[PDB]
Structure formats: structure tokens, C-alpha cells
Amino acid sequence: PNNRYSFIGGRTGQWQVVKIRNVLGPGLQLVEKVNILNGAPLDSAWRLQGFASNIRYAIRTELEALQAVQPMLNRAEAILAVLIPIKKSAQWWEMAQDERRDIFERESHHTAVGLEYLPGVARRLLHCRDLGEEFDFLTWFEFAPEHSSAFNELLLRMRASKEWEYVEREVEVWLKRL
């Protein structure tokens, strides 16, 4: 599959690691670089993988709003990135669809809050629970240096939300584009 992406921490890649912050639960080993590959090698400490998939929660009017402002990846100015792997608890995944949507948006305003940080912050969402991975999602953010304060504020805002009562594991990997 080429909806599949792998991220390999180790000594080679497009991206220098700048910092890793072990927010919640067990961390990831610090390494020099992350190599990103479309598909599924020595001197590598960890590999994470996920796939791009269909929309799970956003309704039409939210999609139209996102599409009006969201930027593309690979802007020349967007030389910083942040890879944030996330795992949610088993109680999250047993809930029904309405219960989860209600937490994600009605209670937490995930989409409304995130829209306040576009178009500065470009984003990608990959899924991995269904592959058996140690994390449920691989989230990817890239932005110009001007926006790193704003991005740090977004994170504090999201982590205070009801949605985040269900996050069990979270790591931040700050990257600079080589």
C-alpha cells in the first residue's frame, strides 16, 4: 500500500530531531534523525507506521471550513515539524459512534479550536490501531518557526480537553527539515 507511511528513528533521514518530549506514558528513544517512507534497517532505534484513511467524525460544514484555509504540506517556509504519536484508552474504543463524536467535538471543540491555528499549521492524520501498532494515531504538523509559540499553545489547549481524558500515551518529536 501507498496509503502506508513509515517513520524510522535513527541515523538517516530528511529530518533532524531537535527534541523529544515524553508527555505521557513510555517515551521513544532519542535518535539523530527520522526517515519517512511511503510503504511498510540497521542503526535505527524504532519504527512507527500508519495509513491514511477516510474521515471518521468531521461533518460536511467542518470539512468545507477546513478546506477553505488549510495549507498544503511541503511549503518552503515550513521548516519545522512535530510528529505526535497518540494512543487512546480501551474505554474510548468501546464507545459508540455518537458518544465519541460528542466528546471529540461537542465537548472538546477539536475542530473549532484547531481551525484557529490555520493556515500557519499544516497537518496530517495517520491511523495505526488497526495494524496492531503500539500507538493508535500518528499526527504530523509542520509550520514556519514564526508559529511555534502558537503551536505550543494549541497543544496546551487540546490537552486540557475532555477528549484528552482518554489519551494514555503521547510523545512529541520535534523536527527540522534538512
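Don't overthink the numbering: it's just position in the shown sequence, from 1.
- Residue 43, present in the displayed chain, goes without coordinates in a third or more of the other PDB entries compared that cover both sides of it.
- Coordinates are lacking for 4 to 9 deposited residues between residue 40 and residue 41.
- Look at the C-alpha B-factors of 43-51 and of 115-123. On average they run higher in 43-51.
- 159-167 and 10-18 differ in mean CA B-factor, and the higher of the two is recorded for 10-18.
- Residues shown: 76, 84, 73, 103. Highest C-alpha temperature factor in the entry: 76.
- Set against one another, the Cα B-factors of 62, 142, 136, 32 in the record reach their highest point at 32.
- Per the deposited record, the Cα B-factor of residue 28 falls in the highest third when ranked against the other modelled residues of its chain.
- In the deposited entry, the Cα temperature factor of residue 131 sits in the bottom third of values across the chain's modelled residues.
- Annotation for residue 69: C-alpha temperature factor in the highest third relative to the rest of the modelled chain, per the entry.
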